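For reference, model-v2.txt is printed below; it contains compact mmCIF, N, CA and C atoms.
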```txt
# COMPACT_ATOMS: atom_id res chain seq x y z
N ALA A 2 -6.85 -13.18 -4.79
CA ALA A 2 -7.76 -12.10 -5.16
C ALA A 2 -7.03 -11.01 -5.93
N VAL A 3 -7.79 -10.16 -6.63
CA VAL A 3 -7.24 -9.00 -7.31
C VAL A 3 -7.82 -7.75 -6.66
N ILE A 4 -7.26 -7.34 -5.53
CA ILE A 4 -7.79 -6.21 -4.78
C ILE A 4 -7.60 -4.94 -5.59
N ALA A 5 -8.72 -4.32 -5.97
CA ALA A 5 -8.70 -3.10 -6.76
C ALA A 5 -9.04 -1.92 -5.87
N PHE A 6 -8.28 -0.83 -6.01
CA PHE A 6 -8.58 0.40 -5.31
C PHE A 6 -8.08 1.56 -6.16
N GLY A 7 -8.98 2.50 -6.45
CA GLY A 7 -8.63 3.61 -7.32
C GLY A 7 -8.20 3.13 -8.69
N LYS A 8 -7.18 3.80 -9.24
CA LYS A 8 -6.66 3.48 -10.56
C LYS A 8 -5.94 2.13 -10.60
N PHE A 9 -5.76 1.47 -9.46
CA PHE A 9 -4.79 0.39 -9.33
C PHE A 9 -5.48 -0.94 -9.05
N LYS A 10 -4.83 -2.01 -9.49
CA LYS A 10 -5.28 -3.38 -9.27
C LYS A 10 -4.09 -4.20 -8.80
N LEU A 11 -4.24 -4.88 -7.67
CA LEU A 11 -3.17 -5.66 -7.06
C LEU A 11 -3.52 -7.14 -7.14
N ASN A 12 -2.75 -7.89 -7.92
CA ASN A 12 -2.96 -9.33 -8.08
C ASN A 12 -2.11 -10.08 -7.06
N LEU A 13 -2.77 -10.71 -6.09
CA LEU A 13 -2.06 -11.35 -4.99
C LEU A 13 -1.47 -12.71 -5.37
N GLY A 14 -2.02 -13.37 -6.39
CA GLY A 14 -1.48 -14.66 -6.79
C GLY A 14 -0.13 -14.55 -7.47
N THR A 15 -0.04 -13.68 -8.48
CA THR A 15 1.20 -13.44 -9.19
C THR A 15 2.00 -12.28 -8.60
N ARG A 16 1.51 -11.66 -7.52
CA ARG A 16 2.23 -10.59 -6.83
C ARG A 16 2.54 -9.45 -7.81
N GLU A 17 1.57 -9.16 -8.67
CA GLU A 17 1.67 -8.15 -9.70
C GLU A 17 0.73 -6.99 -9.38
N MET A 18 1.03 -5.83 -9.96
CA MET A 18 0.22 -4.64 -9.80
C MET A 18 0.02 -3.99 -11.16
N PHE A 19 -1.07 -3.24 -11.29
CA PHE A 19 -1.44 -2.60 -12.55
C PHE A 19 -2.02 -1.23 -12.26
N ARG A 20 -1.42 -0.19 -12.84
CA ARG A 20 -2.01 1.15 -12.82
C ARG A 20 -2.81 1.33 -14.10
N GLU A 21 -4.13 1.30 -13.98
CA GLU A 21 -5.02 1.48 -15.12
C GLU A 21 -4.69 0.47 -16.22
N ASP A 22 -4.53 -0.79 -15.80
CA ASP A 22 -4.21 -1.90 -16.70
C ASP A 22 -2.85 -1.71 -17.37
N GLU A 23 -1.89 -1.15 -16.63
CA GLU A 23 -0.50 -1.04 -17.08
C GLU A 23 0.37 -1.60 -15.97
N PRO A 24 1.21 -2.60 -16.25
CA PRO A 24 1.92 -3.30 -15.16
C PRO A 24 3.05 -2.51 -14.52
N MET A 25 2.86 -2.13 -13.24
CA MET A 25 3.92 -1.55 -12.42
C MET A 25 4.56 -2.65 -11.57
N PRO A 26 5.88 -2.81 -11.63
CA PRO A 26 6.52 -3.87 -10.85
C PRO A 26 6.54 -3.51 -9.37
N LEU A 27 6.74 -4.53 -8.54
CA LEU A 27 6.79 -4.35 -7.09
C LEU A 27 7.98 -5.12 -6.53
N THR A 28 8.68 -4.51 -5.59
CA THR A 28 9.76 -5.20 -4.92
C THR A 28 9.19 -6.23 -3.94
N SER A 29 10.00 -7.24 -3.62
CA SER A 29 9.58 -8.25 -2.66
C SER A 29 9.17 -7.60 -1.34
N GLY A 30 9.90 -6.57 -0.92
CA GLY A 30 9.54 -5.86 0.30
C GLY A 30 8.36 -4.93 0.10
N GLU A 31 8.29 -4.28 -1.06
CA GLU A 31 7.18 -3.36 -1.32
C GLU A 31 5.85 -4.10 -1.35
N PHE A 32 5.83 -5.31 -1.92
CA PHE A 32 4.61 -6.09 -1.95
C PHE A 32 4.23 -6.57 -0.55
N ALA A 33 5.22 -6.96 0.25
CA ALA A 33 4.92 -7.50 1.58
C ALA A 33 4.22 -6.46 2.45
N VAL A 34 4.58 -5.18 2.29
CA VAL A 34 3.93 -4.13 3.05
C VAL A 34 2.58 -3.77 2.44
N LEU A 35 2.54 -3.64 1.11
CA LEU A 35 1.29 -3.28 0.45
C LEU A 35 0.23 -4.35 0.64
N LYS A 36 0.60 -5.63 0.51
CA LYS A 36 -0.36 -6.70 0.76
C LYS A 36 -0.78 -6.74 2.22
N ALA A 37 0.16 -6.46 3.13
CA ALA A 37 -0.19 -6.40 4.55
C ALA A 37 -1.19 -5.28 4.83
N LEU A 38 -1.04 -4.14 4.16
CA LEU A 38 -1.94 -3.02 4.39
C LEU A 38 -3.33 -3.30 3.81
N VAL A 39 -3.39 -3.74 2.56
CA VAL A 39 -4.68 -3.98 1.90
C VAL A 39 -5.37 -5.24 2.38
N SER A 40 -4.68 -6.11 3.12
CA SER A 40 -5.31 -7.26 3.75
C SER A 40 -5.89 -6.94 5.12
N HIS A 41 -5.59 -5.76 5.67
CA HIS A 41 -6.24 -5.27 6.88
C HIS A 41 -6.84 -3.90 6.59
N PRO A 42 -7.91 -3.85 5.79
CA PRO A 42 -8.49 -2.55 5.44
C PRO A 42 -9.09 -1.87 6.65
N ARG A 43 -8.97 -0.54 6.68
CA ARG A 43 -9.53 0.32 7.73
C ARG A 43 -8.98 0.00 9.12
N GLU A 44 -7.97 -0.87 9.21
CA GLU A 44 -7.32 -1.18 10.47
C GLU A 44 -5.91 -0.62 10.47
N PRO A 45 -5.56 0.28 11.38
CA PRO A 45 -4.18 0.79 11.42
C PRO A 45 -3.23 -0.24 12.02
N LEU A 46 -2.16 -0.54 11.28
CA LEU A 46 -1.15 -1.49 11.71
C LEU A 46 0.09 -0.75 12.19
N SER A 47 0.52 -1.05 13.41
CA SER A 47 1.72 -0.43 13.96
C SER A 47 2.95 -0.85 13.16
N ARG A 48 4.06 -0.15 13.43
CA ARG A 48 5.30 -0.45 12.72
C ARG A 48 5.81 -1.84 13.08
N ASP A 49 5.72 -2.21 14.36
CA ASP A 49 6.09 -3.56 14.77
C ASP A 49 5.18 -4.59 14.13
N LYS A 50 3.88 -4.30 14.07
CA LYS A 50 2.94 -5.25 13.47
C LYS A 50 3.21 -5.43 11.98
N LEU A 51 3.63 -4.36 11.30
CA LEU A 51 3.94 -4.47 9.87
C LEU A 51 5.14 -5.37 9.63
N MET A 52 6.24 -5.13 10.35
CA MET A 52 7.45 -5.93 10.17
C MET A 52 7.19 -7.41 10.38
N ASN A 53 6.38 -7.75 11.40
CA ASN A 53 6.06 -9.15 11.66
C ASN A 53 5.24 -9.75 10.52
N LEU A 54 4.34 -8.95 9.93
CA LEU A 54 3.49 -9.45 8.86
C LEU A 54 4.23 -9.57 7.52
N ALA A 55 5.54 -9.35 7.48
CA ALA A 55 6.30 -9.50 6.25
C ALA A 55 7.23 -10.71 6.31
N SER A 66 13.61 1.58 7.29
CA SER A 66 13.40 0.55 6.28
C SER A 66 11.95 0.50 5.83
N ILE A 67 11.04 0.23 6.77
CA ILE A 67 9.61 0.21 6.46
C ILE A 67 9.15 1.58 5.99
N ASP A 68 9.70 2.64 6.59
CA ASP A 68 9.38 4.00 6.16
C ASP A 68 9.67 4.20 4.68
N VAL A 69 10.78 3.63 4.20
CA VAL A 69 11.12 3.74 2.79
C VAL A 69 10.05 3.05 1.94
N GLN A 70 9.61 1.87 2.38
CA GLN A 70 8.62 1.12 1.60
C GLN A 70 7.28 1.84 1.58
N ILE A 71 6.84 2.37 2.72
CA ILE A 71 5.62 3.18 2.75
C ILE A 71 5.77 4.37 1.81
N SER A 72 6.85 5.13 1.97
CA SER A 72 7.07 6.32 1.13
C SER A 72 7.17 5.95 -0.34
N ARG A 73 7.88 4.87 -0.66
CA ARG A 73 8.06 4.50 -2.06
C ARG A 73 6.76 3.95 -2.64
N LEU A 74 5.90 3.37 -1.80
CA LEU A 74 4.57 2.97 -2.24
C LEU A 74 3.67 4.18 -2.45
N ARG A 75 3.81 5.21 -1.60
CA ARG A 75 3.00 6.41 -1.74
C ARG A 75 3.29 7.13 -3.05
N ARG A 76 4.53 7.05 -3.53
CA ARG A 76 4.87 7.70 -4.79
C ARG A 76 4.21 7.01 -5.97
N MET A 77 3.94 5.71 -5.85
CA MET A 77 3.28 4.97 -6.92
C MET A 77 1.76 5.06 -6.86
N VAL A 78 1.19 4.95 -5.66
CA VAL A 78 -0.26 4.80 -5.54
C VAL A 78 -0.96 6.15 -5.45
N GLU A 79 -0.43 7.08 -4.68
CA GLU A 79 -1.17 8.29 -4.34
C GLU A 79 -1.09 9.33 -5.45
N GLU A 80 -2.23 10.01 -5.67
CA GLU A 80 -2.24 11.14 -6.59
C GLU A 80 -1.49 12.33 -6.02
N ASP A 81 -1.45 12.45 -4.69
CA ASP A 81 -0.61 13.44 -4.01
C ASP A 81 0.13 12.73 -2.89
N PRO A 82 1.29 12.15 -3.18
CA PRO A 82 2.04 11.42 -2.14
C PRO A 82 2.38 12.27 -0.93
N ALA A 83 2.40 13.60 -1.08
CA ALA A 83 2.59 14.47 0.07
C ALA A 83 1.37 14.51 0.97
N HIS A 84 0.19 14.14 0.46
CA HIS A 84 -1.04 14.09 1.24
C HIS A 84 -1.77 12.80 0.91
N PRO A 85 -1.30 11.68 1.46
CA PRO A 85 -1.86 10.38 1.07
C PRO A 85 -3.32 10.23 1.46
N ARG A 86 -4.03 9.42 0.69
CA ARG A 86 -5.39 9.03 1.02
C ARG A 86 -5.52 7.54 1.28
N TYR A 87 -4.98 6.71 0.38
CA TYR A 87 -5.07 5.26 0.57
C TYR A 87 -4.19 4.82 1.74
N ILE A 88 -2.90 5.14 1.69
CA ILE A 88 -1.97 4.73 2.74
C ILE A 88 -1.58 5.95 3.57
N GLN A 89 -2.38 6.27 4.58
CA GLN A 89 -2.13 7.41 5.45
C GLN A 89 -1.72 6.93 6.83
N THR A 90 -1.03 7.81 7.56
CA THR A 90 -0.43 7.48 8.84
C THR A 90 -1.21 8.13 9.98
N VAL A 91 -1.53 7.34 10.99
CA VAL A 91 -2.20 7.81 12.19
C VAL A 91 -1.16 7.79 13.30
N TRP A 92 -0.63 8.96 13.64
CA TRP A 92 0.47 9.03 14.60
C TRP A 92 -0.01 8.59 15.97
N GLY A 93 0.64 7.56 16.51
CA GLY A 93 0.21 6.92 17.74
C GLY A 93 -0.46 5.58 17.55
N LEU A 94 -0.75 5.19 16.31
CA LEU A 94 -1.37 3.90 16.04
C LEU A 94 -0.57 3.13 15.00
N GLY A 95 -0.54 3.64 13.78
CA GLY A 95 0.22 3.01 12.72
C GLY A 95 -0.34 3.39 11.37
N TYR A 96 0.07 2.63 10.37
CA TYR A 96 -0.31 2.88 8.98
C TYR A 96 -1.63 2.19 8.68
N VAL A 97 -2.53 2.90 8.00
CA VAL A 97 -3.87 2.41 7.70
C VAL A 97 -4.12 2.54 6.20
N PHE A 98 -4.78 1.53 5.63
CA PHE A 98 -5.23 1.57 4.24
C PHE A 98 -6.75 1.62 4.20
N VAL A 99 -7.29 2.64 3.55
CA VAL A 99 -8.73 2.83 3.43
C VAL A 99 -9.10 2.70 1.96
N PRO A 100 -10.02 1.82 1.60
CA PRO A 100 -10.43 1.67 0.20
C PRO A 100 -11.46 2.74 -0.17
N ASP A 101 -11.91 2.67 -1.42
CA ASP A 101 -12.89 3.63 -1.93
C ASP A 101 -14.24 3.45 -1.24
```
Could you render the structure as structure tokens?
Amino acid sequence: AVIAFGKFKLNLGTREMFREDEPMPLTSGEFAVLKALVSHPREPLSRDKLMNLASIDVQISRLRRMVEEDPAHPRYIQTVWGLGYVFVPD
């Protein structure tokens, strides 16, 4: 699938991403977390659950710098303290 959210399109077959039809590369680890998040929409995944579905803090933070319009106040990939990281689509 090509999961689209906001300005971005994530191609799961070729493991590619596009910001407004411009190709942004993804690390093997960055994709494993991003695909894990967007494959469980509206479900918060704990830190242990994320690692199994693929340090992680760096990948979340480095993904927030690419995806979020305000990485200091994320909307797509936001953290619920006590549960885990959640991805909410449009």
Select, from A:21, A:31, A:79, A:68, the residue with the minimum atom-to-atom distance to residue 9 in chain A, counting all atoms listed in the file.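 Going through A:21, A:31, A:79, A:68 one by one, the smallest distance to residue 9 in chain A is for A:21.
All polymer residues at most 12 Å from (6.2, -5.2, -5.2), using only C-alpha atoms, appear as residues 11, 12, 13, 15, 16, 17, 18, 19, 24, 25, 26, 27, 28, 29, 30, 31, 32, 33, 34, 35, 36, 37, 70, 71, 73, 74, 77 and 78 of chain A.
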Need the shell around residue 85 in chain A: protein/DNA/RNA residues with any atom at most 12 Å away, counting only C-alpha atoms. Skip same-chain ones fewer than 2 positions apart. Format as a PyMOL selection string? chain A and resi 71-83+87-91+96-99
Taking the DSSP secondary structure from the backbone, can you list the residues of chain A that are strand (DSSP E), as a JSON list (two decimals) with N, CA and C atoms, in the coordinates of the input?
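File produced: part.json:
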```json
[["chain", "number", "residue", "atom", "x", "y", "z"],
["A", 3, "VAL", "N", -7.79, -10.16, -6.63],
["A", 3, "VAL", "CA", -7.24, -9.00, -7.31],
["A", 3, "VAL", "C", -7.82, -7.75, -6.66],
["A", 4, "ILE", "N", -7.26, -7.34, -5.53],
["A", 4, "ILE", "CA", -7.79, -6.21, -4.78],
["A", 4, "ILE", "C", -7.60, -4.94, -5.59],
["A", 5, "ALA", "N", -8.72, -4.32, -5.97],
["A", 5, "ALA", "CA", -8.70, -3.10, -6.76],
["A", 5, "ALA", "C", -9.04, -1.92, -5.87],
["A", 6, "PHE", "N", -8.28, -0.83, -6.01],
["A", 6, "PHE", "CA", -8.58, 0.40, -5.31],
["A", 6, "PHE", "C", -8.08, 1.56, -6.16],
["A", 9, "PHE", "N", -5.76, 1.47, -9.46],
["A", 9, "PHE", "CA", -4.79, 0.39, -9.33],
["A", 9, "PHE", "C", -5.48, -0.94, -9.05],
["A", 10, "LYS", "N", -4.83, -2.01, -9.49],
["A", 10, "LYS", "CA", -5.28, -3.38, -9.27],
["A", 10, "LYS", "C", -4.09, -4.20, -8.80],
["A", 11, "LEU", "N", -4.24, -4.88, -7.67],
["A", 11, "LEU", "CA", -3.17, -5.66, -7.06],
["A", 11, "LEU", "C", -3.52, -7.14, -7.14],
["A", 12, "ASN", "N", -2.75, -7.89, -7.92],
["A", 12, "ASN", "CA", -2.96, -9.33, -8.08],
["A", 12, "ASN", "C", -2.11, -10.08, -7.06],
["A", 17, "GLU", "N", 1.57, -9.16, -8.67],
["A", 17, "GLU", "CA", 1.67, -8.15, -9.70],
["A", 17, "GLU", "C", 0.73, -6.99, -9.38],
["A", 18, "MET", "N", 1.03, -5.83, -9.96],
["A", 18, "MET", "CA", 0.22, -4.64, -9.80],
["A", 18, "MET", "C", 0.02, -3.99, -11.16],
["A", 19, "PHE", "N", -1.07, -3.24, -11.29],
["A", 19, "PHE", "CA", -1.44, -2.60, -12.55],
["A", 19, "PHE", "C", -2.02, -1.23, -12.26],
["A", 20, "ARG", "N", -1.42, -0.19, -12.84],
["A", 20, "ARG", "CA", -2.01, 1.15, -12.82],
["A", 20, "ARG", "C", -2.81, 1.33, -14.10],
["A", 24, "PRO", "N", 1.21, -2.60, -16.25],
["A", 24, "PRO", "CA", 1.92, -3.30, -15.16],
["A", 24, "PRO", "C", 3.05, -2.51, -14.52],
["A", 25, "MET", "N", 2.86, -2.13, -13.24],
["A", 25, "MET", "CA", 3.92, -1.55, -12.42],
["A", 25, "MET", "C", 4.56, -2.65, -11.57],
["A", 88, "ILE", "N", -2.90, 5.14, 1.69],
["A", 88, "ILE", "CA", -1.97, 4.73, 2.74],
["A", 88, "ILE", "C", -1.58, 5.95, 3.57],
["A", 89, "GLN", "N", -2.38, 6.27, 4.58],
["A", 89, "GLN", "CA", -2.13, 7.41, 5.45],
["A", 89, "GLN", "C", -1.72, 6.93, 6.83],
["A", 90, "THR", "N", -1.03, 7.81, 7.56],
["A", 90, "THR", "CA", -0.43, 7.48, 8.84],
["A", 90, "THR", "C", -1.21, 8.13, 9.98],
["A", 91, "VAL", "N", -1.53, 7.34, 10.99],
["A", 91, "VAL", "CA", -2.20, 7.81, 12.19],
["A", 91, "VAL", "C", -1.16, 7.79, 13.30],
["A", 95, "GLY", "N", -0.54, 3.64, 13.78],
["A", 95, "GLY", "CA", 0.22, 3.01, 12.72],
["A", 95, "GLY", "C", -0.34, 3.39, 11.37],
["A", 96, "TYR", "N", 0.07, 2.63, 10.37],
["A", 96, "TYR", "CA", -0.31, 2.88, 8.98],
["A", 96, "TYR", "C", -1.63, 2.19, 8.68],
["A", 97, "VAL", "N", -2.53, 2.90, 8.00],
["A", 97, "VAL", "CA", -3.87, 2.41, 7.70],
["A", 97, "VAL", "C", -4.12, 2.54, 6.20],
["A", 98, "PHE", "N", -4.78, 1.53, 5.63],
["A", 98, "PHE", "CA", -5.23, 1.57, 4.24],
["A", 98, "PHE", "C", -6.75, 1.62, 4.20]]
```
Figure out the distance between atom C of residue 95 in chain A and atom C of residue 52 in chain A, please, to one decimal in Å. 13.2 Å
So how many Å separate atom N of residue 14 in chain A and atom N of residue 66 in chain A, to one decimal?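 Calculated distance between atom N of residue 14 in chain A and atom N of residue 66 in chain A is 25.6 Å.
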At what distance in Å, to one decimal, does atom N of residue 47 in chain A lie from atom C of residue 4 in chain A?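 If I compute the distance from atom C of residue 4 in chain A to atom N of residue 47 in chain A, I get 21.0 Å.
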(-10.9, -3.6, 6.7) in this file's frame - what residues fall within 8 Å of it? Use all atoms listed in the file and give the answer as a ChimeraX atom specification. /A:39-44,98-100
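Closest approach to residue 46 in chain A from the set A:86, A:22, A:94, A:3 is made by A:94, with distances taken over only C-alpha atoms.
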Each side padded by 5 Å, which centre and which edge lengths in Å (one decimal) define the axis-aligned box around the listed atoms of range 35-39 of chain A? Give them as JSON.
```
{"center_x": -1.4, "center_y": -4.9, "center_z": 2.6, "size_x": 17.9, "size_y": 13.7, "size_z": 14.4}
```
